[PDB]
Structure formats: C-alpha cells, structure tokens
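Everything below concerns the one structure shown next.
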Amino acid sequence: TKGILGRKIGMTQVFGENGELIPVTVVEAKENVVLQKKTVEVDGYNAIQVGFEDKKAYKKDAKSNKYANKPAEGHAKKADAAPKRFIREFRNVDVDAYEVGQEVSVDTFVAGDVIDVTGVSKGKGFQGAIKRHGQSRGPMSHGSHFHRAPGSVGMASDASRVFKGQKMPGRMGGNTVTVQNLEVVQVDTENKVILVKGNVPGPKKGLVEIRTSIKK
Amino acid sequence: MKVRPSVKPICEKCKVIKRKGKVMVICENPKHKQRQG
Amino acid sequence: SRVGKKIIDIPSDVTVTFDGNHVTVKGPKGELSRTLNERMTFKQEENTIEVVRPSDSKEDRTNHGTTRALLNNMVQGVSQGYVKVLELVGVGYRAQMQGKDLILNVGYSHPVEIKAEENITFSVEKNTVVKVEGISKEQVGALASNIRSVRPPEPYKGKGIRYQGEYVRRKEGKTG
Amino acid sequence: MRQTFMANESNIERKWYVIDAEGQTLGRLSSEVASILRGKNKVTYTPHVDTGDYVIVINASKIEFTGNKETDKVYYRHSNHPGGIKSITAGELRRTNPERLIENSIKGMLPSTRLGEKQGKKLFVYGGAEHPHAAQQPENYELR
RNA sequence: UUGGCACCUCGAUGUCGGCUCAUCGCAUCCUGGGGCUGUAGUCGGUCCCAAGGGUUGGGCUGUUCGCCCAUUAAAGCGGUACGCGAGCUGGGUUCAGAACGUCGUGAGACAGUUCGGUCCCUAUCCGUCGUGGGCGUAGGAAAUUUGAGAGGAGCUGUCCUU
RNA sequence: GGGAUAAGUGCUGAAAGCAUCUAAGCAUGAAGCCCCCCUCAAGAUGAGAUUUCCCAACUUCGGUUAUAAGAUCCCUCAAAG
Ligand SMILES: [Mg+2]
Ligand SMILES: [Mg+2]
Ligand SMILES: [Mg+2]
Ligand SMILES: [Mg+2]
Ligand SMILES: [Mg+2]
Ligand SMILES: [Mg+2]
Ligand SMILES: [Mg+2]
Ligand SMILES: [Mg+2]
Ligand SMILES: [Mg+2]
Ligand SMILES: [Mg+2]
Ligand SMILES: [Zn+2]
C-alpha cells in the first residue's frame with residue numbers, strides 16, 4: 001500500500017498497446033517528503049505525514065502563505081526538509097517501511113497499479129435543485145409557472161415541517177471526492193509525473209492524493 | 001410447514017411438541033409438520 | 001429422572017477427575033473435559049460415579065438427566081469412541097481423502113472439501129462409504145451432519161449423501 | 001417563624017465514592033447511585049443547589065440483567081432524519097459500551113433540569129476495575 | 001370503500017385529475033433465504049422470513065380507474081388534509097352567456113348534455129438548504145488529526161462455460 | 001468480505017428409561033441487522049490527540065502593559081465566490 005501527493009496538471013491521451021485511446025490525467029508529484037511518523041504509542045494510530053511542494057523559507061514580514069511561518073518551519077526542520085505547501089497523512093501505508101525525512105518518488109507506483117484518487121471537486125457556487133440535485137423541471141409551456149423550482153418540500157398538517165435532508169438550492173462542489181479503482185498508466189520519473197487512467201476530481205493545479213486502492 | 005392458529009395431530013404419528021415457545025407438530029409425514037401462528 | 005438416577009460405569013482404564021463443576025475424563029482413546037451443571041453433586045465411587053440432584057424441581061430433574069447423559073457419553077467416548085457412517089448414492093458420486101481432509105464429488109461442477117477437525121478421523125471405503133470416528137459423540141454427529149448436508153438425499157432416486165442406516169422416503173417422480 | 005437551613009456553595013462538601021457494579025442489578029444500582037448524585041442521603045439536602053457526591057462506577061461490564069433483557073431490552077434512538085430510528089439491545093450495549101449503558105440508566109433517573117444535568121456530570125463509569133481518579137481519594141461505598 | 005353520527009372549523013380548514021418533490025407501513029410485485037407440494041427436470045402452486053434497493057414508455061378518456069399496444073426481473077397495495085395549488089397547472093366540477101333533450105302554463109330547472117368563461121400574496125416565527133461572525137474549549141498561535149455520532153450507497157438483465 | 005441473526009436446517013440432550021433442534025450446551029442459516037466502502041464530524045460544553053512556534057518588563061506585586069509567535073485592515077487577484 002502506497003501513497004503520494006501531486007498537482008492536477010490536466011488531461012490528455014495516450015495510445016495503448018493495441019491502439020486503444022486511453023484518456024489520462026497528468027499528476028505532477030515532485031517534492032514529496034515524509035515529515036512526521038505517527039504511531040499507536042504516541043498518536044494512537046499509525047500513519048506517515050507527507051509534505052508536498054516546497055515553499056519558501058521564513059522571512060520577517062511575510063504577507064502570504066508562500067513563506068513558511070515559524071511553526072511550520074520548525075515542524076519541517078524537525079524532518080530536515082524544506083517547508084511544504086500541502087501536508088496529508090497516509091494511514092494505508094506500512095510506517096515501518098518509511099523514515100522521517102525520506103523522499104517519496106513517483107516511482108513508488110508502477111504501471112498497472114490500481115489506485116484511489118482523492119481531491120476537492122470544482123466549486124460551482126450557489127446552485128439550484130436542477131443543477132445541484134438533478135431534479136426535473138416543470139413544464140416550459142402549457143401555462144406553467146414552475147420551471148426550475150425544487151417542488152413540494154413536505155406534506156401538510158402531518159408533519160407540519162420540512163424533514164432534514166430535503167434537497168434545496170445552495171453551494172455546490174468544493175467537496176472531498178474519492179474516485180476508486182483508477183489505474184496508473186505511466187510513471188515518468190524524469191518529469192516526476194504519473195499518468196492515471198481516466199479523470200480525477202478538482203481544478204487544474206488542484207491537490208490530488210493517490211493511494212493504493214482500498215478494494216481488492 | 002403448516003402455519004396456522006389450530007395446531008393439532010392429523011394422524012396417529014403426529015407428535016405435539018413445544019420449541020422456542022411455539023406449539024408444533026412433528027411427524028414422519030412431512031405434510032403434517034405444523035407450527036402455531 | 002431415571003437417567004439421572006442411573007449410575008455411570010467406569011472401565012478400569014478410564015479415569016474421571018472433577019474440579020468443582022469442571023470435569024475431565026482420560027482414557028485409551030483421548031481426553032474429554034467439560035463443565036457440568038454446578039448444582040449437581042457427584043458420588044465418585046472407585047469403579048463408578050453417580051449424579052445426585054439437590055431437589056425435585058423441574059429444572060433440577062432436567063439438569064440431572066442431561067448431566068448424567070453427558071458424563072456417560074464422555075466416559076463411553078474415551079473408552080470405545082463414537083463412529084458415524086454415511087454412504088453416497090448416485091452414479092459418479094464419490095469421496096476420497098486429500099490427506100486428512102475429505103473431498104467429495106457429488107453431482108456439482110466443483111468438488112467439495114471438508115477439513116478435518118481435532119480429535120476426528122475420516123475414512124473412505126469403496127469411494128462411497130465415509131465414516132467419521134472420534135471421542136466426542138457431539139463432534140462426530142456435527143461433522144457427519146455437515147458431510148451429509150453437503151448434499152442430502154433427494155426423494156426421487158435416493159441420490160446424495162445419507163447415513164448408512166437412514167430411511168429415505170421415496171416418491172414417484174414422473175406420471176402421465 | 002422561618003428557620004429552615006438552606007445549603008449553599010459556601011457550606012457544601014462533596015465527597016467521592018466508588019461503587020462496584022460487578023454482580024449488581026442494573027436498575028437497583030442505578031436508583032441508589034442517582035440518590036447519591038442528587039444528595040438525597042444528606043441531612044442538608046437543599047433542592048435548588050447541588051449537595052450530592054461524586055460517584056465512580058467500576059466494573060460496568062459486569063453489570064447483570066434479569067429475565068431475557070439481554071436480548072429483549074432494546075434501546076432506541078432517532079437521528080432526527082426521516083426513518084432515522086437506530087436500535088441496540090441491552091446485551092449488545094453491555095458488550096460494546098457498558099459505560100454508556102450504566103450512564104444512561106442512571107441519568108434516566110435524574111431530573112431533566114439544569115441542576116439534574118450538572119448532577120449527572122458527577123458520574124464516572126468504567127468497564128474495568130480501575131479508574132483514573134486516585135487524586136480525588138474516593139471511598140468504597142456499599143450498596144443498600 | 002359506501003355509509004352512520006354531527007364533536008373542531010361557515011369574522012373561509014381551496015375542492016377532482018395531473019405536474020414537481022417525496023416520506024412512511026408491510027398485508028411483498030422483483031430480487032435474497034426457507035418449509036410443504038398432487039415438487040422427475042425446466043416451470044409452477046401454497047405458506048413462512050424479509051421493507052436494502054428496484055418497481056417502464058405509449059393509444060383512448062379531464063379523468064382516478066379501466067381497456068389496449070410494446071416492453072420489464074418486476075411493472076406491489078396502502079397512509080401521509082383521498083401528502084403536496086402562500087410549489088405549478090386548471091382539462092372535470094357548482095357563477096354570470098348560449099344551445100339541445102326533458103320537465104314546467106310560466107319565471108325557470110336537471111349528480112342530463114354541449115360550446116365559452118379573471119388561480120392574489122415583497123416570508124415575521126418555527127422548519128429546511130447553504131454560508132459568515134461571537135464567545136467557549138484555563139497561556140497565545142500554525143498545521144496534521146482520532147472518530148462519539150450522522151448522512152450516503154445498497155437494484156438488476158443477458159450470454160458463455162460447467 | 002467479517003460478526004450476530006430471521007424463517008429454517010440440524011448436533012448433542014433430558015424433563016418424560018423411549019422420543020425430541022431446546023430446557024442447559026454446541027453448530028449452521030437471508031439482498032435484511034452491525035461493520036466493511038464513500039462523505040460530514042470535538043459547540044462530542046464529555047469541547048479529545050500529535051508536531052511545531054512565542055516566552056518581558058513594569059507593578060497598588062492580586063495585576064497591568066504594549067509586544068512576541070501569529071493573524072488581519074488595505075491592496076493585486078482566482079483554481080474560490
Ligand atoms: Mg418532464
Ligand atoms: Mg415562463
Ligand atoms: Mg384447521
Ligand atoms: Mg379568522
Ligand atoms: Mg412480513
Ligand atoms: Mg383537505
Ligand atoms: Mg390530497
Ligand atoms: Mg398549501
Ligand atoms: Mg374549466
Ligand atoms: Mg312545454
Ligand atoms: Zn402425522
């Protein structure tokens with residue numbers, strides 16, 4: 001069981017061995033370092049904390065997240081690493097196989113590996129029931145004054161309320177999503193990229209987490 | 001299995017027993033298996 | 001309870017020792033240990049044992065009977081053991097031993113493997129007579145039940161796995 | 001002439017007790033513990049103030065039921081979502097969360113008031129024979 | 001369900017059907033597990049467990065029903081103000097026009113028919129869907145987190161081989 | 001895939017010398033139950049955990065102070081709205 005963090009670069013395609021067209025997502029996964037090692041003894045569970053994508057060193061009057069603050073710098077310097085942009089834990093890996101400070105190269109994965117990919121899906125802002133919940137429209141003609149409304153929200157005296165879970169307009173997307181059983185099509189160690197079969201959640205430049213697929 | 005409120009012997013080989021709180025008939029003849037309900 | 005009142009004969013080679021409720025019986029074939037009803041007393045004679053119940057209540061009579069029966073079963077199991085014999089009916093229905101486990105081929109598209117358990121021995125004769133031998137009467141019965149439930153007897157031709165002495169009701173399958 | 005003593009925070013002394021659930025009947029232990037938590041055993045009992053004592057219950061996993069309650073006493077709860085009933089038998093709850101079993105049985109015998117909630121907060125339940133409150137120097141308490 | 005009663009509402013509790021959105025029961029239509037069979041097999045019959053999910057498009061009619069066409073694993077039965085008109089429609093039905101049959105001397109009338117015929121409301125509270133601020137969490141902070149709980153999901157055809 | 005079950009299927013077994021799936025005891029057994037899979041989640045006031053960062057003066061010596069780490073105002077923006 002393996003894990004790594006990258007950035008979604010974009011989609012493209014490759015031709016397989018029989019000429020089949022394989023859509024792929026390019027994930028750039030450079031600069032992964034084991035920052036912390038969590039154990040049952042100290043933390044109560046086993047996991048490796050991985051930091052991804054070096055950021056700049058601490059400076060006095062930093063005004064953005066580009067520069068590490070002192071807490072983050074101390075945390076990373078404990079691992080001996082440069083401060084990192086994204087930090088995520090992998091509980092699915094065997095901690096005994098990792099050392100704090102160790103590099104996690106794209107080569108940990110091999111072509112054919114089946115993987116789960118997790119990301120934050122693209123945001124859509126405030127959306128209505130048709131888009132957000134895929135509901136049916138009312139008639140567009142024949143006297144209708146019901147086109148994109150969400151429909152009845154309850155019944156009557158029984159129950160004199162709307163039940164929790166009613167589907168209504170609201171903010172759409174920006175949710176953690178895991179797509180299961182994708183495949184590693186190619187690993188390019190020179191460019192530090194993984195070609196994953198299919199599409200993965202999130203915008204371009206978005207953080208993606210690749211793990212060995214839980215189901216097998 | 002016959003499930004019915006009236007459970008009783010159908011032939012001389014039927015045997016009235018009680019299992020798990022339920023009156024039943026067991027018999028060599030499978031047609032005569034009964035369970036009260 | 002006549003069964004409860006009845007005394008258990010111990011063969012000279014069989015030794016029964018009690019530890020409170022828990023009892024254990026050793027003999028030529030093996031050792032059997034179990035915990036008996038805590039409210040039953042035991043008169044341990046040199047050559048025999050007797051179960052004694054405190055009262056004549058319903059519960060005491062039931063437990064006296066069952067305790068006597070269980071202890072006698074343990075003694076006879078260590079002495080002589082217990083055996084259950086099944087037979088296979090149906091052309092092509094066969095059994096064989098894959099070492100200690102028993103593999104059956106009974107009209108399925110795959111063989112069925114039954115893994116032997118501790119203190120139990122399977123033996124196949126003529127490829128169509130399985131016998132389970134053990135010291136635990138209960139264990140022997142359970143494993144024989146599993147073997148037979150792999151494919152029990154169907155009524156129209158008797159095919160399947162049956163106990164050798166079992167009577168299988170027969171039906172006239174086809175009529176005009 | 002009005003002369004009834006009224007306890008208040010200046011003169012209330014709360015002790016710590018330990019009660020062993022092992023071999024005890026759930027409801028009977030619970031009613032007694034509730035009395036202790038409410039302070040009903042003190043001659044200075046004052047309804048508008050917490051005069052009760054702290055209780056630690058140990059060996060909650062060894063509490064016992066009569067009859068067929070182990071499989072037939074069912075605890076229901078509702079998630080406030082349509083169709084959101086969830087149930088657990090008393091035996092299953094004793095296996096998986098005896099602390100909650102004892103806590104809930106006892107807290108069902110305390111009033112649903114602010115003071116009742118506060119008083120129920122003075123209960124500590126543990127499935128095993130150890131508790132982490134040796135600092136409070138609790139005394140063993142014999143039921144009945 | 002058809003009714004009986006006349007207890008809430010006549011300083012108004014909108015009424016059929018459909019649309020949108022569901023939610024619950026099980027007396028279960030399919031799928032899952034069984035017993036019996038006048039169960040050879042393939043199919044069936046009947047009963048028991050089981051409510052997780054699933055349970056179709058059209059023709060006619062305002063229709064609900066119902067019949068029909070063609071499918072499907074199946075085309076379940078009920079409750080929720082015969083769920084849902086401050087969410088939609090407004091074809092039926094009980095305003096004013098007109099007409100036929102009928103009754104009536106007549107004015108008119110008919111759970112007879114026919115053609116036509118105004119559906120208002122800027123959400124205060126609870127409720128529900130999202131999204132911020134405060135304070136708390138016994139110092140002030142940046143990250144990574146356990147998971148008590150909660151929600152989601154949960155369906156199935158056909159073919160090949162044996 | 002796992003655990004516990006329903007209807008069932010049994011093993012051993014007396015009450016009741018027999019019989020009996022049941023009383024004690026031991027198995028097995030559903031798309032169902034609890035998990036396993038996905039998501040939210042410590043206002044879980046029971047407010048949890050780990051790593052890292054900051055750490056002095058003045059004081060009616062209770063306390064205060066602006067500062068520290070840090071975060072903002074304001075400004076350029078978008079993958080967010
Ligand atoms: Mg439409
Ligand atoms: Mg319009
Ligand atoms: Mg009858
Ligand atoms: Mg009024
Ligand atoms: Mg039912
Ligand atoms: Mg109404
Ligand atoms: Mg209605
Ligand atoms: Mg309304
Ligand atoms: Mg009209
Ligand atoms: Mg006339
Ligand atoms: Zn009979």
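Each chain gets a letter, A, B and so on, in the order the sequences are listed, and its residues count up from 1.
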Sign-based sugar class (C1'-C2'-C3'-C4') of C119(E): south
Pairing string, 5' to 3', for RNA chain F - Watson-Crick or wobble contacts under 3.5 Å, brackets [ ] where pairs cross, | to another strand: (((....((.(.............).))....))).||||..|....|||||||.(((....)))................
Sugar-phosphate only, base, or nothing, as touched by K121(D) at under 4.0 Å among non-hydrogen atoms: sugar-phosphate
Nucleic acid contacts of residues 19-37 of chain B, taken as heavy-atom distances under 4.0 Å to RNA chain F: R19(B), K20(B), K33(B), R35(B)
Between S55(C) and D60(C), a side-chain donor and acceptor under 3.5 Å: yes
Ring centroid separation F124(D) to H133(D) under 6.0 Å: yes
Counterpart base for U2(E), defined by Watson-Crick or G-U wobble contacts under 3.5 Å: none
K86(D) side chain, from C-beta outward: closest of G151(E), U39(F), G13(F): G151(E)
P spacing across the pair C38(F) / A40(E), given as an integer number of angstrom: 50 Å
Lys/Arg cation over aromatic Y67(A): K55(A), 6.0 Å, 45° cone: no
For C26(E), the Watson-Crick or wobble partner whose two distances fall under 3.5 Å: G76(E)
Pairwise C1' distance for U128(E) and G59(E), with rounding to whole Å: 42 Å
Hey, can you pull the donor-acceptor pairs under 3.5 Å for the side chains in residues 83-92 of chain A, sequence neighbours left out?
unit_1: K84(A); atom_1: NZ; unit_2: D54(A); atom_2: OD1; d: 2.4
unit_1: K84(A); atom_1: NZ; unit_2: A82(A); atom_2: O; d: 3.0
unit_1: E89(A); atom_1: OE1; unit_2: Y45(A); atom_2: OH; d: 2.6
unit_1: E89(A); atom_1: OE2; unit_2: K38(A); atom_2: NZ; d: 2.5
unit_1: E89(A); atom_1: OE2; unit_2: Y45(A); atom_2: OH; d: 3.2
unit_1: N92(A); atom_1: OD1; unit_2: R211(A); atom_2: NE; d: 3.4
unit_1: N92(A); atom_1: ND2; unit_2: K2(A); atom_2: O; d: 3.1

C1' gap between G127(E) and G97(E), integer Å: 48 Å
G74(A) or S1(C), whichever maps to the more 5' nucleotide of RNA chain F: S1(C)
Mate of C21(E) where both pairing distances stay under 3.5 Å, Watson-Crick or G-U: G83(E)
Sugar-phosphate only, base, or nothing, as touched by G173(C) at under 4.0 Å among non-hydrogen atoms: base
Mate of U71(E) where both pairing distances stay under 3.5 Å, Watson-Crick or G-U: none
Separation of the P atoms in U76(F) and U137(E), to the nearest angstrom: 39 Å
Sugar-phosphate only, base, or nothing, as touched by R85(A) at under 4.0 Å among non-hydrogen atoms: nothing
Touch class at under 4.0 angstrom, heavy-atom based, for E117(D) against every strand present: nothing
Sugar-phosphate, base or nothing in reach of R91(A), heavy atoms under 4.0 Å: sugar-phosphate
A31(F) on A30(F): ring centroids within less than 5.5 Å and planes tilted under 30°: no
Below 4.0 Å: OP1/OP2 of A148(E) and any side-chain N or O of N97(D): no
5' precedence on RNA chain F between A69(C) and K78(A) (nearest-nucleotide basis): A69(C)
Span that lies between the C1' atom of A22(E) and that of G133(E), in whole angstrom: 35 Å
Separation of the P atoms in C159(E) and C43(E), to the nearest angstrom: 12 Å
Smallest separation among heavy atoms of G37(B) and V3(B), with atom names: O-CG1, 3.5 Å
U22(F) and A15(F), which share atom name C1', separated by this distance in whole Å: 11 Å
Members of residues 149-176 of chain A that approach RNA chain F, where some heavy atom sits under 4.0 Å away: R171(A), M172(A), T176(A)
Partners passing ring-ring contact (aromatic ring centres under 6.0 Å, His included) against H110(C) (at least two apart in sequence or in another chain): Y108(C)
Toward the 5' end of RNA chain E, by each residue's nearest nucleotide, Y108(C) or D43(A): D43(A)
Sugar-phosphate, base or nothing in reach of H64(C), heavy atoms under 4.0 Å: nothing
Base partner of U94(E), which must satisfy Watson-Crick or wobble distances under 3.5 Å: none
Any-strand Watson-Crick or G-U partner of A109(E), both distances under 3.5 Å: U102(E)
Any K60(A) side-chain nitrogen or oxygen under 4.0 Å from OP1 or OP2 of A69(F): yes
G66(E) - base-pair partner by Watson-Crick or wobble geometry, distances under 3.5 Å: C60(E)
Stacking of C26(E) on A27(E), centroid gap under 5.5 Å, tilt under 30°: no
Nearest-angstrom distance, P atom, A107(E) to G85(E): 44 Å
Sugar-phosphate only, base, or nothing, as touched by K174(C) at under 4.0 Å among non-hydrogen atoms: base
Interface residues of residues 203-216 of chain A with RNA chain F (non-hydrogen, below 4.0 angstrom): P203(A), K205(A), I214(A), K215(A)
Touch class at under 4.0 angstrom, heavy-atom based, for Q180(A) against every strand present: sugar-phosphate
